[PDB]
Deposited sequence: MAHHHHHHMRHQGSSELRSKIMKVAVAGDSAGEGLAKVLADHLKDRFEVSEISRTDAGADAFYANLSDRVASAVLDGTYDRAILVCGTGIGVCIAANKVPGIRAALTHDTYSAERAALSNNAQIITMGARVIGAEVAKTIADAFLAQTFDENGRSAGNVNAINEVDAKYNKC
């Protein structure tokens, strides 16, 4: 499965951490308007799922959900990450690098991707 991981200036560092953590189990593209570019690539099949990382995750979640056909979930715990897939069928999850820590972030990415696939 193809997973895009992207971060703005605030979230680029955690995005790289997440990309490296996922690279052995998924085909990861670390591709750090951002929500628009990544959402369009999910819609046209370039990626199956995406993880967008900013300061809080709020702005990218709003912007991604404004793309028709995109469902984006801000996920800051592993239960919500699983529900984002099983209940909301989100293609995109978002996180805030200034809000949660890197080890929790990795468990959230893993929990979402294990359920959506």
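Could you name the stretches of the deposited sequence that have no C-alpha atoms in this structure? No coordinates exist for the deposited residues in 1 to 21, 54 to 64, 150 to 172, so these stretches are absent from the model.
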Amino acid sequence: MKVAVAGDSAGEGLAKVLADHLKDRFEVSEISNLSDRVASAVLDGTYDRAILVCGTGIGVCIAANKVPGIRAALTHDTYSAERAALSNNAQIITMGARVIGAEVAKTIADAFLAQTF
From here on, numbers count along this sequence of modelled residues.
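Decide which of the stretches 73 to 81 and 50 to 58 has the higher mean C-alpha B-factor, going by the entry. Higher mean C-alpha B-factor: 50 to 58.
Can you tell me which stretch has the higher mean Cα B-factor, 21 to 29 or 91 to 99? The deposited B-factors put 21 to 29 ahead on the C-alpha mean.
Comparing residue 15 with the other modelled residues of its chain, is its CA B-factor in the lowest, middle or highest third? CA B-factor rank for residue 15: middle third.
Lowest, middle or highest third: where is residue 1 by Cα B-factor in its chain? Highest third.
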